[PDB]
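Quick setup: one chain, the form deposited in one PDB entry, written in structure tokens, and binding and motion questions come after.
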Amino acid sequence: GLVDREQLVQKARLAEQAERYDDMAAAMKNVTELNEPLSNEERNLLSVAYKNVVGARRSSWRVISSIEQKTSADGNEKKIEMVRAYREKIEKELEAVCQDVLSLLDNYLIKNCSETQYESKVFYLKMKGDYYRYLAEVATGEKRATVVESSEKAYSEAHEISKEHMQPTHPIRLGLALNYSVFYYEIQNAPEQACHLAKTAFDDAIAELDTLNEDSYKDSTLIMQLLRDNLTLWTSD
């Protein structure tokens, strides 16, 4: 506690409202680097900043990846090169953001979790799975295989921990199930696992839905919808 932490979180909050996620991420990275635990709010400000920063690049990457595929069919060298290069440019930005977060997760956030801070360990492991997943979206060959494995390990470990020490309605445990299911469908290409996981997690939540507070009831159903929407979409051919 030797530089002013509250100011940094306050800058993060400002930047968020100004939709300036690069600034936001840089503030929360600084907060993280002070090496103390993050509050629930602070966790989310980090999560949100980097999700938006990498998301802008995922969105770009997809638009360009798709242009590259109709373009290559027309066979223009100059244009095929140009598009390939620009896609690469975006890739390198995306990956650099991904390491940035992953490094914070490995070397600060996860590291400094005590054995019984199960909620935090799960949040951060899910996040680690997410960001390796985002690398997998744009990787190919041996590189892809490696980050896919890294994603699985993080999503899997978060699953074990969340199964035992968190209840099935908890937003984080649902969010994990949601993203892990999506990992299965989109990266592993394993629809039956995707669905089983989403279904299981949905059903387990419904069981406990009886005695949910009215506060947490809004939080859980929001995510449970998305599980269902996906399942509906996946079970349709």
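Counting begins at 1, following the sequence as shown. Shifts are known only where both forms have a C-alpha. Rigid core: the largest C-alpha set superposing within 1.5 Å between the two forms.
Although not depicted, the form deposited in another entry is the subject of the following passage.
Here residue 19 does not count as shifted, since its C-alpha moves by less than 2 Å between this form and the one not shown after the core is aligned. Residue 10: CA moves less than 2 Å between this form and the one not shown after rigid-core fitting. Shown in the overlay between this form and the one not shown, fitted on the rigid core, is a CA shift at residue 213 of 2 Å or greater. Shifted segments between this form and the one not shown, defined as at least 3 consecutive common residues whose CA atoms all move 2 Å or more after rigid-core fitting, occur once only, at 210-219.
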